[PDB]
Structure formats: structure tokens, C-alpha cells
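Working notes, beginning with the structure itself.
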Amino acid sequence: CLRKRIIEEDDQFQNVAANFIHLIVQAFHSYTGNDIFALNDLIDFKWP
Amino acid sequence: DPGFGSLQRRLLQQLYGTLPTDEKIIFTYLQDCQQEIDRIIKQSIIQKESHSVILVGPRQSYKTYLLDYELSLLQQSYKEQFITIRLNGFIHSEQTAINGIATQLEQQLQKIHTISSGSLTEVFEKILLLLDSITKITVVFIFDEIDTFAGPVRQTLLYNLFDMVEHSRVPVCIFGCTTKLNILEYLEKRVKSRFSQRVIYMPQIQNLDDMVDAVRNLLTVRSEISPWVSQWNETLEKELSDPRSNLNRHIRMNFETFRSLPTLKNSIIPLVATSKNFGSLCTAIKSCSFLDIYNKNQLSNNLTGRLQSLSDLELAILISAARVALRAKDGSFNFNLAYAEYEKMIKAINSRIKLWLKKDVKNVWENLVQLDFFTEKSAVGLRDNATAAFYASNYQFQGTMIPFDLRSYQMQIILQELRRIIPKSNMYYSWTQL
Ligand SMILES: Nc1ncnc2c1ncn2[C@@H]1O[C@H](COP(=O)(O)OP(=O)(O)OP(=O)(O)O)[C@@H](O)[C@H]1O
Ligand SMILES: [Mg+2]
């Protein structure tokens with residue numbers, strides 16, 4: 001999805017992925033707690 | 001440093017007790033019991049006298065260790081004089097112990113020079129024909145957890161075993177091992193009559209000098225298999241003789257709380273093994289900072305440590321549920337009342353923080369149930385045996401057919417304990433008082 005939208009519109013890509021992960025943590029840590037699996041699910045649902 | 005590797009290996013196998021038999025370590029407070037067990041097993045194996053004796057002591061109190069030491073002692077000098085049958089009360093049932101005795105009898109008699117073939121009736125009457133009925137071979141029975149076979153219904157195996165002790169031509173030694181102090185009251189009257197009433201209570205640690213002497217026995221290398229042996233023995237004697245050393249303080253703490261040398265050994269072993277050189281080991285045994293780190297790790301998943309991993313929404317929901325449970329008279333609550341208390345607390349905080357909806361508080365509630373903060377009301381939990389667990393699995397409980405917001409729960413931690421170790425500077429600390 002990410003590469004398809006770059007074509008249709010490497011440290012920078014790592015920066016945007018890590019910023020998305022930190023935004024997910026900062027938005028939903030009170031919801032998930034310290035559950036790695038719940039945050040993995042939320043990352044997988046909200047990334048595309 | 002291969003010498004440090006040799007010294008580390010020697011210290012590690014002294015701590016695991018896996019030395020050769022002639023180098024085995026008997027503590028001074030265990031010596032009288034060891035001599036009494038040695039006299040009984042020598043009168044059985046050497047002198048062909050039949051014996052019956054139950055060893056009574058707590059778990060990890062060297063009942064198996066002393067028996068194994070005595071059997072390996074008599075193994076090297078009288079090997080063809082005896083065979084050993086081992087039964088364990090957890091592994092063996094009343095029917096299965098007959099098959100276990102028969103299969104151990106054939107594989108032990110093939111080791112010196114069928115009995116185990118057929119149905120249970122045939123196998124049991126063949127065992128009786130062998131035992132109930134140059135020198136005679138002694139049969140030594142080691143019966144661990146013998147309290148499980150002294151039940152209230154019927155004690156058939158103990159009856160026939162003690163009958164073999166008291167009324168047979170093959171000499172037999174039967175050692176029972178249990179943790180139950182009142183083991184003689186467990187026995188049926190005819191079983192008790194056939195029993196010899198010989199009960200050996202294992203010695204306890206009576207004073208701190210017994211623990212210090214046992215630690216000295218465990219950590220002193222009495223053989224010159226490393227060049228570092230003399231310096232290690234000198235430093236260990238310096239730390240043990242000093243009353244204000246850290247190792248003496250840890251021994252004193254164990255004496256006051258656990259009073260268990262296996263407990264201390266479980267901490268000493270990774271202190272020895274995680275050292276990488278001789279001076280690092282000397283610093284580790286002089287400071288015992290690893291013992292503090294180990295003690296911190298042993299408590300990290302307790303109720304105190306599980307609370308310190310909670311998030312702010314998790315802590316708020318838990319505080320609200322503890323408030324509702326304190327106000328209730330049965331100590332019971334559900335998701336709806338806890339959410340009402342939570343929304344009331346958030347409103348009175350923001351009137352003086354995001355309020356989450358019930359849909360999202362459902363997940364935090366499930367995590368709190370999962371981490372054993374809440375439990376279901378009057379739930380039995382884990383059953384004692386497989387029969388009762390099997391009965392419980394075929395029953396549909398009323399707390400699993402109603403919706404989750406009406407299930408009754410009770411707290412594993414009360415609001416006063418919540419107030420005690422939540423910090424005073426926390427956001428929701430003021431609502432721990434009611
Ligand atoms: N054959 C053995 N060789 C070396 N160490 C042993 C042996 N058997 C037990 N130990 C050690 O002895 C200590 C505890 O003693 P042991 O296992 O004999 O307890 P026990 O009183 O017989 O226990 P339980 O009532 O649970 O059966 C532990 O450190 C254990 O590792
Ligand atoms: Mg044992």
C-alpha cells in the first residue's frame with residue numbers, strides 16, 4: 001500500500017513508520033495497556 | 001582461565017549435590033537421621049531383617065536425598081544383595097502400583113541374574129506368590145507420598161505390603177515418605193497393627209549456625225582440582241566468619257523467612273554461574289548484589305509488581321471497582337457499577353482527562369480479569385484432582401451464560417492495599433480513601 005501510493009502520487013520511510021508506531025502507542029496505550037498483541041492488531045488495522 | 005572454569009564447575013556441582021558418593025555432603029544437623037536410616041537399611045540389606053519405617057518431614061527436607069545416599073553407599077559394596085522398587089503416590093494409583101511393582105521386579109531381577117504378564121488378578125497373585133509365599137535377596141521399597149495410599153476408603157496395597165514385612169520369608173525393607181505429621185492416624189487399624197510404628201521425623205534447622213555451617217559445607221572446595229581453591233576458601237571463610245558481611249545477612253534473612261537451604265541454593269547457583277572470572281566471583285560473593293537482584297525478580301509478578309504495570313485507564317477502572325466492592329456488603333460488583341463509579345470520578349476530576357466509552361472499557365476489564373485482579377464470585381478455580389475437574393468441565397456455569405456486564409466479580413486487592421502502595425503524587429490517589 002505504501003509503495004503503491006508513492007508510485008501513484010530509505011531512512012525517511014523508517015521515520016514515517018516509526019512515527020506511525022509512536023502515534024499508535026500515544027493514542028491507545030490507555031486502551032491496550034502493555035499488550036504487544038493488541039497494539040500489533042491496532043497497527044495492522046490502521047496502517048493502510 | 002580454565003582454572004576458574006574448573007572451580008566454577010566444582011562449586012556448581014557441589015550446589016547441585018551431583019558429586020561422587022565418597023564426596024557427598026551431609027550437613028551436621030542431618031547426621032543423626034542419616035545414621036538412623038543407615039542402620040535400618042544395613043539391618044535390612046546386610047542382615048536380612050525385615051523393616052517398616054515412615055519418614056516424615058516437609059518438602060525439600062532431604063528425605064529422598066538421604067535415602068538415595070544410603071542406597072548408593074550400599075550399592076558399591078553389596079550390589080547383588082538387594083533390589084529396589086520405587087513407587088510414587090502421585091504417579092502410581094492403587095491398581096497401577098501393582099503393574100509398577102511387577103515391571104520393576106522383572107527389570108531389577110534381570111539386573112542381578114514372566115511375573116509382570118497377564119491381567120491384574122494374575123499379576124497380583126504372582127507378586128503375592130513371590131513375596132507373601134546362599135542368602136536371600138532383600139527387596140527395598142521406597143514409597144514416596146505414602147499418604148495418598150493411606151486413604152479413608154480402603155488400604156489394600158499398604159495392608160499387603162506390611163503383611164509382606166511382618167509375615168514373609170523374603171526380607172523386605174519398606175520406606176515411606178510423607179509430609180503429613182499425623183500419618184499414623186491415616187492408617188487403618190489392621191494396617192497400623194501390621195505396621196511397626198517406626199516413624200522418623202526429619203530434623204529441622206534449629207539455629208542460624210546450622211545454616212551457616214551448611215553454607216560452609218556447600219561452598220568450600222575440599223579438593224585441589226583448581227589453582228584458585230585456596231583463595232576461594234580463604235575469601236569464603238572471611239565472609240562467613242564476619243558477622244556483618246552481606247552473605248551472613250542473606251543467610252539470616254533466609255533463617256527468619258524461609259529457613260530452607262534449597263531456597264538459598266537456588267539464589268547462590270546463578271551468582272556462581274554468572275561470574276566470568278575469579279575476581280568477579282569474589283566481588284559477587286563479597287557484595288551479594290545479585291542476591292538482591294534475584295530477590296527483586298522473584299517478586300516482580302506479585303500483586304505489587306502487577307499493579308505497577310497498569311496504565312492510567314486500567315488503574316482508574318481498578319480503583320472504581322475497588323470502591324464499588326468496598327461499598328457493597330458481599331464485596332461484589334459488575335462492569336456496569338464500576339463504569340458508573342469511573343464516569344463519576346472522571347466527571348468530578350475534570351470539574352475540579354478523556355472519558356472512555358463502555359465499548360473501550362470492555363477491553364481494560366478483560367485485561368484486569370486476565371491479570372487476576374478480579375475473579376468471578378464464589379468461583380472454585382483450579383480443582384484438586386482430575387475427577388472433579390472432569391465433572392466441572394461437563395457442567396455449564398451460570399456465570400458463563402449471562403452477558404458480561406452483569407457477571408459478579410470480587411477483588412483480589414482491596415482499596416486499602418490500593419491506597420498503601422499507589423504513590424501519593426498519582427492522579428487518582430485521592431479516590432483511594434472513600
Ligand atoms: N539424588 C539426589 N542427588 C542430589 N541431590 C538431591 C537428590 N535428591 C534430592 N536432592 C536435593 O535435595 C534437596 C531437597 O531434598 P529432597 O529432594 O530429598 O527432599 P524431600 O524431603 O525428599 O522432598 P519431597 O517431600 O518433596 O519428596 C534439593 O536441593 C534436591 O535437589
Ligand atoms: Mg522426595
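Note on naming: chains are A, B, ... as they come in the C-alpha cells, residues start from 1 per chain, ligands start from 1 in the order shown.
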| request: Can you tell me which residues come within 9 Å of ligand 1 when counting only C-alpha atoms and all ligand atoms, ideally as a count of residues only? | output: 32
| When the cut-off is 7 Å and we count only C-alpha atoms, which residues of chain B are near chain A, given as a list in words? |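 Residues passing the distance filter: residues 310, 311, 312, 313, 360 and 364 of chain B.
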Could you save the residues just selected, with N, CA and C atoms, as a tab-separated table (two decimals), in the first residue's frame?
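Contents of again_4.tsv, as written:
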chain	number	residue	atom	x	y	z
B	310	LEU	N	0.24	-1.28	35.32
B	310	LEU	CA	-1.05	-0.86	34.80
B	310	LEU	C	-0.95	0.51	34.13
B	311	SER	N	-1.84	0.75	33.17
B	311	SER	CA	-1.98	2.05	32.54
B	311	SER	C	-2.93	2.91	33.38
B	312	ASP	N	-3.14	4.15	32.93
B	312	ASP	CA	-3.96	5.08	33.70
B	312	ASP	C	-5.44	4.72	33.64
B	313	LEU	N	-5.91	4.27	32.48
B	313	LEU	CA	-7.29	3.80	32.37
B	313	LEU	C	-7.49	2.51	33.15
B	360	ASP	N	-14.94	0.60	24.89
B	360	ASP	CA	-13.49	0.56	25.03
B	360	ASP	C	-13.04	0.15	26.43
B	364	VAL	N	-10.22	-3.19	28.76
B	364	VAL	CA	-9.48	-2.99	30.01
B	364	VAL	C	-10.03	-3.90	31.10
| field | CA of residue 74 (chain B) to CA of residue 116 (chain B), straight-line distance in Å | value |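 Taking CA of residue 116 (chain B) and CA of residue 74 (chain B), their separation equals 27.1 Å.
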| query | Which residue out of A:36, A:7, A:43, A:2 has the minimum interatomic distance to residue 20 (chain A) when only C-alpha atoms are used? | reply | A:43
| request: Would you work out the distance separating CA of residue 22 (chain A) from CA of residue 306 (chain B), expressed in Å to one decimal? | output: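 The value is 24.0 Å.
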Let's see if you can do this: from backbone DSSP, list all strand (DSSP E) residues in region 38-265 of chain B, as an mmCIF file with N, CA, C and O atoms, in the first residue's frame.
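Written output follows (out_1.cif):
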data_model
loop_
_atom_site.group_PDB
_atom_site.id
_atom_site.type_symbol
_atom_site.label_atom_id
_atom_site.label_comp_id
_atom_site.auth_asym_id
_atom_site.auth_seq_id
_atom_site.Cartn_x
_atom_site.Cartn_y
_atom_site.Cartn_z
ATOM 1 N N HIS B 51 11.978 -54.716 57.724
ATOM 2 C CA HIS B 51 11.767 -53.432 58.375
ATOM 3 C C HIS B 51 10.603 -52.679 57.746
ATOM 4 O O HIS B 51 10.292 -52.848 56.566
ATOM 5 N N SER B 52 9.983 -51.823 58.553
ATOM 6 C CA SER B 52 8.929 -50.918 58.108
ATOM 7 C C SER B 52 9.130 -49.590 58.818
ATOM 8 O O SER B 52 9.149 -49.549 60.051
ATOM 9 N N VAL B 53 9.278 -48.510 58.057
ATOM 10 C CA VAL B 53 9.554 -47.204 58.646
ATOM 11 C C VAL B 53 9.035 -46.119 57.709
ATOM 12 O O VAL B 53 9.207 -46.196 56.491
ATOM 13 N N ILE B 54 8.380 -45.112 58.281
ATOM 14 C CA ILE B 54 7.905 -43.958 57.526
ATOM 15 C C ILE B 54 8.755 -42.744 57.889
ATOM 16 O O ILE B 54 8.931 -42.426 59.070
ATOM 17 N N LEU B 55 9.290 -42.078 56.866
ATOM 18 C CA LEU B 55 9.988 -40.807 57.019
ATOM 19 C C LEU B 55 8.982 -39.668 56.914
ATOM 20 O O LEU B 55 8.255 -39.567 55.921
ATOM 21 N N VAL B 56 8.942 -38.814 57.931
ATOM 22 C CA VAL B 56 8.005 -37.700 57.992
ATOM 23 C C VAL B 56 8.807 -36.411 58.044
ATOM 24 O O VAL B 56 9.610 -36.209 58.960
ATOM 25 N N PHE B 82 20.542 -56.842 47.030
ATOM 26 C CA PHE B 82 19.247 -56.185 47.129
ATOM 27 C C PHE B 82 18.799 -55.644 45.781
ATOM 28 O O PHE B 82 19.609 -55.368 44.896
ATOM 29 N N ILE B 83 17.485 -55.486 45.654
ATOM 30 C CA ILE B 83 16.845 -54.806 44.538
ATOM 31 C C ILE B 83 15.995 -53.685 45.115
ATOM 32 O O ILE B 83 15.636 -53.695 46.291
ATOM 33 N N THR B 84 15.680 -52.705 44.272
ATOM 34 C CA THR B 84 14.924 -51.532 44.689
ATOM 35 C C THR B 84 13.667 -51.388 43.843
ATOM 36 O O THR B 84 13.736 -51.406 42.612
ATOM 37 N N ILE B 85 12.526 -51.240 44.509
ATOM 38 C CA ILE B 85 11.253 -50.906 43.883
ATOM 39 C C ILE B 85 10.866 -49.513 44.358
ATOM 40 O O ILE B 85 10.713 -49.284 45.562
ATOM 41 N N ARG B 86 10.696 -48.588 43.421
ATOM 42 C CA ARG B 86 10.301 -47.223 43.737
ATOM 43 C C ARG B 86 8.857 -46.987 43.315
ATOM 44 O O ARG B 86 8.499 -47.204 42.154
ATOM 45 N N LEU B 87 8.031 -46.550 44.259
ATOM 46 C CA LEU B 87 6.671 -46.116 43.989
ATOM 47 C C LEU B 87 6.509 -44.673 44.434
ATOM 48 O O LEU B 87 7.053 -44.267 45.464
ATOM 49 N N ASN B 88 5.773 -43.901 43.647
ATOM 50 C CA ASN B 88 5.439 -42.526 43.977
ATOM 51 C C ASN B 88 3.925 -42.408 44.029
ATOM 52 O O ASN B 88 3.236 -42.853 43.109
ATOM 53 N N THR B 138 17.354 -59.023 49.413
ATOM 54 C CA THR B 138 16.470 -58.042 50.028
ATOM 55 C C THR B 138 15.750 -57.232 48.954
ATOM 56 O O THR B 138 16.337 -56.868 47.933
ATOM 57 N N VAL B 139 14.468 -56.971 49.178
ATOM 58 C CA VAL B 139 13.666 -56.118 48.309
ATOM 59 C C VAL B 139 13.380 -54.833 49.074
ATOM 60 O O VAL B 139 12.661 -54.848 50.078
ATOM 61 N N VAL B 140 13.924 -53.717 48.609
ATOM 62 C CA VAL B 140 13.757 -52.431 49.271
ATOM 63 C C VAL B 140 12.668 -51.656 48.547
ATOM 64 O O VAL B 140 12.795 -51.363 47.356
ATOM 65 N N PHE B 141 11.607 -51.308 49.269
ATOM 66 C CA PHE B 141 10.522 -50.491 48.739
ATOM 67 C C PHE B 141 10.712 -49.047 49.189
ATOM 68 O O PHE B 141 10.755 -48.772 50.391
ATOM 69 N N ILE B 142 10.828 -48.131 48.234
ATOM 70 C CA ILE B 142 10.829 -46.698 48.513
ATOM 71 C C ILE B 142 9.477 -46.156 48.072
ATOM 72 O O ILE B 142 9.194 -46.082 46.871
ATOM 73 N N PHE B 143 8.648 -45.761 49.034
ATOM 74 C CA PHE B 143 7.278 -45.302 48.789
ATOM 75 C C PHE B 143 7.195 -43.803 49.078
ATOM 76 O O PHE B 143 6.981 -43.387 50.217
ATOM 77 N N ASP B 144 7.349 -42.994 48.035
ATOM 78 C CA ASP B 144 7.171 -41.554 48.159
ATOM 79 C C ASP B 144 5.691 -41.201 48.102
ATOM 80 O O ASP B 144 4.924 -41.830 47.366
ATOM 81 N N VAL B 172 12.188 -57.836 53.367
ATOM 82 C CA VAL B 172 11.772 -56.639 52.650
ATOM 83 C C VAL B 172 11.963 -55.418 53.540
ATOM 84 O O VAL B 172 11.720 -55.467 54.750
ATOM 85 N N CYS B 173 12.424 -54.330 52.939
ATOM 86 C CA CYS B 173 12.528 -53.036 53.595
ATOM 87 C C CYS B 173 11.568 -52.072 52.923
ATOM 88 O O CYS B 173 11.617 -51.893 51.705
ATOM 89 N N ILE B 174 10.687 -51.462 53.705
ATOM 90 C CA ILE B 174 9.724 -50.514 53.169
ATOM 91 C C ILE B 174 9.965 -49.163 53.819
ATOM 92 O O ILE B 174 9.848 -49.022 55.041
ATOM 93 N N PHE B 175 10.310 -48.180 53.001
ATOM 94 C CA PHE B 175 10.484 -46.801 53.427
ATOM 95 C C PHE B 175 9.329 -45.989 52.869
ATOM 96 O O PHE B 175 9.203 -45.835 51.649
ATOM 97 N N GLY B 176 8.492 -45.471 53.754
ATOM 98 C CA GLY B 176 7.510 -44.486 53.369
ATOM 99 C C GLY B 176 8.040 -43.080 53.578
ATOM 100 O O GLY B 176 8.831 -42.821 54.478
ATOM 101 N N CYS B 177 7.603 -42.172 52.717
ATOM 102 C CA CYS B 177 7.948 -40.763 52.825
ATOM 103 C C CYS B 177 6.682 -39.939 52.682
ATOM 104 O O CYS B 177 5.878 -40.182 51.779
ATOM 105 N N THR B 178 6.509 -38.966 53.569
ATOM 106 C CA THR B 178 5.319 -38.133 53.559
ATOM 107 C C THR B 178 5.650 -36.790 54.184
ATOM 108 O O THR B 178 6.685 -36.616 54.826
ATOM 109 N N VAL B 199 8.486 -44.357 63.026
ATOM 110 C CA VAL B 199 8.340 -43.096 62.316
ATOM 111 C C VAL B 199 9.565 -42.249 62.628
ATOM 112 O O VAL B 199 9.880 -42.019 63.802
ATOM 113 N N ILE B 200 10.261 -41.798 61.590
ATOM 114 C CA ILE B 200 11.424 -40.932 61.751
ATOM 115 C C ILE B 200 11.046 -39.537 61.282
ATOM 116 O O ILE B 200 10.760 -39.327 60.098
ATOM 117 N N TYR B 201 11.056 -38.582 62.203
ATOM 118 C CA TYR B 201 10.811 -37.189 61.867
ATOM 119 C C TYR B 201 12.122 -36.541 61.454
ATOM 120 O O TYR B 201 13.128 -36.655 62.160
#
Which of chain A fall in helix (DSSP H, G or I), as an mmCIF file with C-alpha atoms, in the first residue's frame:
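Okay, this is what ended up in part.cif:
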data_model
loop_
_atom_site.group_PDB
_atom_site.id
_atom_site.type_symbol
_atom_site.label_atom_id
_atom_site.label_comp_id
_atom_site.auth_asym_id
_atom_site.auth_seq_id
_atom_site.Cartn_x
_atom_site.Cartn_y
_atom_site.Cartn_z
ATOM 1 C CA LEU A 2 2.766 2.462 0.939
ATOM 2 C CA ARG A 3 4.938 1.851 -2.143
ATOM 3 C CA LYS A 4 1.850 1.742 -4.379
ATOM 4 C CA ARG A 5 0.874 5.195 -3.145
ATOM 5 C CA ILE A 6 4.422 6.585 -3.545
ATOM 6 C CA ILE A 7 4.434 5.338 -7.152
ATOM 7 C CA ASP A 11 15.547 6.383 6.300
ATOM 8 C CA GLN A 12 12.552 8.634 5.581
ATOM 9 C CA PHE A 13 10.325 5.561 5.210
ATOM 10 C CA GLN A 14 11.644 4.234 8.531
ATOM 11 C CA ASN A 15 10.905 7.666 10.023
ATOM 12 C CA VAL A 16 7.275 7.640 8.876
ATOM 13 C CA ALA A 17 6.796 4.015 10.044
ATOM 14 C CA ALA A 18 8.293 4.730 13.487
ATOM 15 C CA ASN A 19 6.250 7.933 13.784
ATOM 16 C CA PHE A 20 3.095 5.938 12.996
ATOM 17 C CA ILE A 21 4.025 3.371 15.666
ATOM 18 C CA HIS A 22 4.690 6.086 18.267
ATOM 19 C CA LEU A 23 1.395 7.806 17.372
ATOM 20 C CA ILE A 24 -0.462 4.485 17.788
ATOM 21 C CA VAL A 25 1.197 3.944 21.191
ATOM 22 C CA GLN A 26 0.474 7.504 22.362
ATOM 23 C CA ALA A 27 -3.157 7.244 21.211
ATOM 24 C CA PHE A 28 -4.028 3.764 22.503
ATOM 25 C CA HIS A 29 -1.725 2.839 25.411
ATOM 26 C CA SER A 30 -4.515 3.506 27.922
ATOM 27 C CA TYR A 31 -6.748 1.219 25.861
ATOM 28 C CA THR A 32 -4.298 -1.645 25.293
ATOM 29 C CA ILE A 36 2.068 -6.119 22.459
ATOM 30 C CA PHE A 37 -0.557 -8.173 20.595
ATOM 31 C CA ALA A 38 -3.346 -5.579 20.896
ATOM 32 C CA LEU A 39 -1.043 -2.820 19.634
ATOM 33 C CA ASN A 40 0.060 -5.117 16.789
ATOM 34 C CA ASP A 41 -3.615 -5.542 15.864
ATOM 35 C CA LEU A 42 -4.224 -1.778 16.002
ATOM 36 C CA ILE A 43 -1.121 -1.069 13.879
ATOM 37 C CA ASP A 44 -2.228 -3.670 11.320
ATOM 38 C CA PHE A 45 -5.749 -2.224 11.145
ATOM 39 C CA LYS A 46 -4.761 1.460 10.991
#
| Nearest to residue 76 (chain B) among B:303, B:22, B:127, B:113, with distances taken over only C-alpha atoms: which residue is it? | B:22
| task | Measure the distance from CA of residue 158 (chain B) to CA of residue 391 (chain B) in Å and round it to one decimal. | result |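 Rounded to one decimal, the two atoms are 29.1 Å apart.
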